[PDB]
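J.: Before we start, here is the structure in question, set down as structure tokens.
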Amino acid sequence: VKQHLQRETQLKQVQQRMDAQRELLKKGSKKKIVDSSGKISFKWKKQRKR
Amino acid sequence: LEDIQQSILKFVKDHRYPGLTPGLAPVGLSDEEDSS
Amino acid sequence: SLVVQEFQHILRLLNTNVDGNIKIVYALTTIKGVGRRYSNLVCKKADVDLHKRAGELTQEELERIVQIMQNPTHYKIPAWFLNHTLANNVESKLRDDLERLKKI
Amino acid sequence: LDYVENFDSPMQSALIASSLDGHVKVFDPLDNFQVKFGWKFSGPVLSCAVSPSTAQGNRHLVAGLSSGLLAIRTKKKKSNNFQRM
Amino acid sequence: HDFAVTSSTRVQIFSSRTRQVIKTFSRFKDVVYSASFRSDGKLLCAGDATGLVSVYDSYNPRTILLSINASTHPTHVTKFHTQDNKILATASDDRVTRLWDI
Amino acid sequence: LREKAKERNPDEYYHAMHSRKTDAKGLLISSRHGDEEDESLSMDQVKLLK
Amino acid sequence: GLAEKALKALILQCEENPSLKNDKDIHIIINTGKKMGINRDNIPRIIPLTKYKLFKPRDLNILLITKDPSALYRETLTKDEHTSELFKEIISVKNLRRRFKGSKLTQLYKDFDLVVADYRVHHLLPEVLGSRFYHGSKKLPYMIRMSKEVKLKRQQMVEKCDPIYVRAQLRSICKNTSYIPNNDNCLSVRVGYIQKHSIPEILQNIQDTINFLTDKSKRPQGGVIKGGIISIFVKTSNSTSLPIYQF
Amino acid sequence: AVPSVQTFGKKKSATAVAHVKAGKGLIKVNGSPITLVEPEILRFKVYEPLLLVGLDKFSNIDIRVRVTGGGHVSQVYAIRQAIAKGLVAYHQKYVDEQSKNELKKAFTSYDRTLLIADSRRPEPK
Amino acid sequence: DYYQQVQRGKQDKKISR
RNA sequence: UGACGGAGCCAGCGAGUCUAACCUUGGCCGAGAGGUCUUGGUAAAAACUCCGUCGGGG
């Protein structure tokens with residue numbers, strides 16, 4: 001049971017990173033912010049998509 | 001089983017050079033500090 | 001209108017005469033045998049200026065340096081600071097053997 | 001004896017001298033060479049020199065003493081979208 | 001930004017920025033008397049006590065640029081000219097001051 | 001092979017010089033992919049494959 | 001009694017024979033029951049001695065082989081007052097290669113007394129060192145950790161050094177002795193110089209070494225004897241075997 | 001697309017490949033800026049065409065040279081030949097003929113060996 | 001009179017083999 | 001007409017499952033042949049540039 005839980009957690013984190021990379025593909029005005037801990041995040045411009 | 005249930009319900013080495021863990025010297029405080 | 005100071009020529013140390021108008025480390029290298037890093041360590045163990053010529057360094061620190069350089073085991077000094085018959089036989093043998101070949 | 005002229009000072013020309021007692025005394029040639037300052041170094045002081053007239057850094061006053069002593073005394077010295085906005 | 005200081009058999013170039021000895025002229029065989037810079041910056045002269053002056057460039061103790069043998073008495077003061085810059089003038093215990101042209 | 005290299009004749013023009021490419025050191029290069037087309041994807045098929 | 005009598009006999013015969021007078025060290029050859037598994041590298045595992053020190057960094061000539069840039073290493077180790085009198089020579093690996101060959105290499109073998117290497121160049125050492133240094137276990141090079149740091153995966157490692165740590169390492173590596181893992185039941189360990197200590201020190205050293213070697217704990221570095229120790233012989237480099245503890 | 005031109009330079013056993021393309025006015029050699037040429041006396045031997053025709057004509061293009069082979073002096077000479085030929089070839093293709101011809105006049109009236117190598121072949125008498 | 005003894009022992013072992 | 005210590009930087013020929021010593025101290029296994037372990041000593045890019053230091057042979 002513990003192994004099941006660990007495997008499912010690892011798969012959830014993998015899918016979260018994959019969905020972030022999928023979001024970086026569509027449209028909009030992304031801004032590549034770096035958190036000063038050193039980790040990359042993205043922030044979109046405030047503009048209503050149609 | 002207590003540790004396992006808790007989880008469910010919630011030294012020197014080198015990774016690239018192996019021989020450090022046999023080849024290191026067992027450092028000692030006496031001949032680290034004292035002046036011979 | 002007077003000022004006043006605080007000299008000696010070539011000095012002798014262990015059957016070896018050492019000059020005065022050069023620095024102390026080169027003086028200890030003209031001492032027969034010992035090395036430059038050993039002279040450096042003896043000088044900075046005596047805790048003196050390394051640029052002074054041997055005309056300076058008055059007799060009390062001079063005898064201190066002589067005592068250290070003569071008794072190194074009392075001052076934790078590390079040990080890296082110290083310092084035809086068959087020809088005639090083979091001539092005769094190879095000669096007479098090849099002589100015998102030369103005769104035959 | 002040393003002399004400095006036309007420098008960053010309330011005193012235009014400074015004529016300084018050094019006199020074998022530690023005493024280094026600084027006069028000015030506009031008020032007929034009267035003492036304006038003086039330091040005392042312990043031993044008999046031999047030489048003195050104030051930094052030249054175009055030093056433009058931290059200025060120095062050096063006094064060398066017959067006891068073998070140099071004494072130095074020194075007067076010391078966001079983004080482009082946003083900016084375009 | 002630099003100032004020379006004489007000693008016994010020693011000239012030391014000190015620095016105004018950090019007050020530490022930047023360079024050492026110590027190729028003298030006897031007590032050096034005067035270490036004076038040129039009026040142009042580049043070249044300093046040191047009168048010794050064996051009787052000779054040694055004129056060589058600052059910031060290079062390796063290259064003795066010129067060695068003028070003066071009187072056999074010790075030369076105390078050795079100056080460069082102020083207006084002109086190719087004429088040195090040195091005195092001695094010979095009780096004469098000679099104007100050399102370098 | 002050395003006699004061929006001698007008698008190369010450096011005016012030969014075959015039409016495949018518009019598809020082949022030669023390494024700047026001197027050897028040939030070759031696509032490990034076999035085809036002529038599978039060198040690199042386009043954004044639409046990257047969207048599908050993600 | 002038998003062991004002590006053997007030491008008296010070997011010391012006397014060592015004084016008698018001329019080549020015996022020319023070699024000046026003591027090894028013990030221990031023969032176990034089973035064979036060891038570890039295929040022989042050249043990483044000298046050292047064994048802790050608890051009673052009597054054997055040698056001093058104040059006695060041995062020392063070469064230290066650092067990494068390639070070598071600048072901060074040599075200036076710190078020469079400058080910071082704890083290791084200035086310690087290392088006879090600091091050298092880099094590129095300097096060693098670009099400096100020494102052949103007769104110069106054998107000049108190094110006859111000149112230096114103890115070489116210590118950075119543990120991350122210890123594997124790369126033997127070609128540059130020559131076929132002469134790897135003769136037996138007299139002048140086998142040791143490894144010393146330079147900076148008391150650790151490297152994690154996908155993580156950059158910071159370069160540093162600290163002289164107190166390297167001095168403590170050298171003082172341990174001179175206070176005690178070392179051995180080498182084999183595949184036969186017949187291994188050796190050099191125990192003591194012939195004159196720097198006496199028979200009680202030697203016998204005590206023998207007991208501490210055999211105890212640490214038969215000890216089951218510290219099995220990365222101590223639990224290597226497989227089976228009961230069959231016998232322990234003593235010898236110098238030019239003597240015969242003298243037997244102790246036949247069963 | 002982007003305007004670009006490749007040229008070559010050779011002393012004895014040294015090869016110099018230069019790509020000149022449009023840009024911001026930066027010169028590099030072998031992954032380093034041009035102001036780090038290592039024989040250190042012959043840096044002005046590398047700077048010859050730059051100062052012969054001025055710094056504006058370089059101020060509006062990017063040059064990238066990479067050299068192999070040869071030795072110190074032959075590599076300096078290969079660098080300067082590649083730079084000069086690349087400059088005049090760019091000025092012919094993407095800039096105009098008058099500027100190209102006046103560059104050739106300047107380079108030639110100083111030193112012809114910036115343009116055309118002199119292969120020192122033997123001569124049997 | 002022990003080193004010669006153990007050397008003789010080794011020699012007797014070899015010649016007995 | 002230099003020597004020492006760091007740093008920098010540059011080639012062209014070369015490519016046959018073929019490329020490579022010696023004696024020695026002993027232990028263990030084997031009936032041998034030998035195998036294996038152990039110990040000690042004897043044999044085969046440079047000039048260049050930069051910075052720092054120095055100033056008659058056994």
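J.: Evaluate peptide B:12-20: per residue, the Cβ atoms of other protein chains within 10 Å of its Cβ; return the mean as an integer.
T.: 5
J.: Kirkwood Rh over alpha-carbon pairs of chain H, then Stokes-Einstein at 10 °C and 1.306 mPa s: what D in µm² s⁻¹, rounded to an integer?
T.: 108 µm²/s
J.: Which pairs, out of C:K76/G:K148; A:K27/F:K47; A:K46/D:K78; H:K45/H:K105; C:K23/C:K45, put more than 23 Å between their alpha-carbon atoms?
T.: Flagged as over cut-off: C:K76/G:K148.
J.: Quick one: what are the phi-derived ³J(HN,Hα) couplings along the range G:174-181, Karplus 6.51/-1.76/1.60 with θ = phi - 60°, whole Hz, x for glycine and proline?
T.: Result, ordered by residue: 9, 6, 10, 10, 9, 8, 9, x Hz.
J.: Let's test the formula: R0 of 41 Å, r as the Cβ-Cβ distance of G:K53 and I:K13. What FRET efficiency results, to the nearest 0.05?
T.: Calculated transfer efficiency: 0.60.
J.: Something else: How would you rank C:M69, G:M36, F:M17, going from fewest to most other Cβ atoms within 10 Å of each one's own Cβ?
T.: So the ranking, lowest neighbour count to highest, is F:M17, G:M36, C:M69.
J.: If you plug each phi of the range E:52-57 into the Karplus form 6.51 cos²θ - 1.76 cosθ + 1.60 with θ = phi - 60°, what whole-Hz ³J(HN,Hα) values come out, in order, with x for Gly and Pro?
T.: 10, 10, 10, 10, 8, 6
J.: What residues qualify as long-range amide H neighbours of G:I47, i.e. H under 5 Å apart, gap of 5 or more or another chain, H built at 1.01 Å from N?
T.: For G:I47, the qualifying residues are G:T177, G:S178, G:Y179.
J.: On to the next question. Using a cut-off of 28 Å between alpha-carbon atoms, which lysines can reach F:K6, once sequence neighbours fewer than 8 places away in the same chain are excluded?
T.: F:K21, F:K25, H:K10, H:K11, H:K12
J.: Calculate the spin-label point distance for F:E36 paired with H:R43, positioning each point 7 Å from the Cα along the beta-carbon direction, and give it in nanometres.
T.: If labels sit at H:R43 and F:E36, their model points lie 5.2 nm apart.
J.: For chain G, find the longest principal axis of its Cα atoms and tell me its angle to the long axis of helix G:199-214, 0 to 90°, nearest 10.
T.: Between helix and principal axis, roughly 70 degrees.
J.: Name the residue, out of G:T106, G:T209, G:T66, whose mean-square fluctuation peaks in a Gaussian network model built on chain G with Cα pairs under 10 Å.
T.: G:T106
J.: To continue, here is another question. Anything over 20 Å Cα to Cα? Flag those among G:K24/G:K196; A:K26/A:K49; H:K24/H:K104, in the order listed.
T.: From the list (G:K24/G:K196; A:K26/A:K49; H:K24/H:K104), the Cα-Cα distance tops 20 Å for H:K24/H:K104.
J.: While we're on this one: Considering amide H positions built from the backbone, and no H for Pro or chain starts, which residues 5 or more places from B:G19, or on another chain, come under 5 Å of its amide H?
T.: For B:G19, no residues qualify.
J.: Tell me the angle of helix H:43-53 to the major Cα principal axis of chain H, expressed in degrees between 0 and 90 and rounded to the nearest ten.
T.: Roughly 40 degrees, rounded to the nearest 10.
J.: Something else about it: Could you give each residue of the range I:9-17 its phi-based ³J(HN,Hα) in whole Hz, using Karplus coefficients 6.51, -1.76, 1.60 with θ = phi - 60°, and x for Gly or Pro?
T.: x, 4, 5, 5, 4, 5, 6, 5, 4
J.: Could you compute how fast the range G:56-176 diffuses translationally, taking Rh as the Kirkwood radius over C-alpha pairs and applying Stokes-Einstein at 20 °C with viscosity 1.002 mPa s? Give it in µm² per second.
T.: Rounded, D is 142 µm²/s.
J.: Something else: Given H placed 1.01 Å from N in the peptide plane, which residues other than close sequence neighbours of E:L52 have an amide H under 5 Å from its amide H?
T.: So E:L52 has HN proximity to E:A70, E:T75.
J.: Using the structure shown, list the pairs from G:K88/G:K235; C:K44/G:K175; G:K21/G:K110 with a Cα-Cα distance above 21 Å, or answer none.
T.: From the list (G:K88/G:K235; C:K44/G:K175; G:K21/G:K110), the Cα-Cα distance tops 21 Å for G:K88/G:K235; C:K44/G:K175.
J.: Could the peptides H:17-24, C:8-15 be put in order, highest first, of the mean number of other beta-carbon atoms found within 10 Å of their residues?
T.: Taking the mean over residues of other Cβ atoms within 10 Å, the ranking is H:17-24, C:8-15.
J.: Ignoring the sites themselves, what is the longest stretch of chain G with no GluC sites (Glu not before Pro) in a DSSP loop and at most 14 other beta-carbon atoms within 10 Å?
T.: G:160-247
J.: Measure out, as a whole number of angstrom, how far apart the alpha-carbon centroids of the range C:40-75 and the range G:167-242 sit.
T.: Cα centres, the range C:40-75 to the range G:167-242: 43 Å.
Quick reminder, even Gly has a Cβ in these numbers, built from the backbone with ideal geometry, and neighbours come from all protein chains shown. Throughout, read-outs are computed from the coordinates displayed, never taken from laboratory work.
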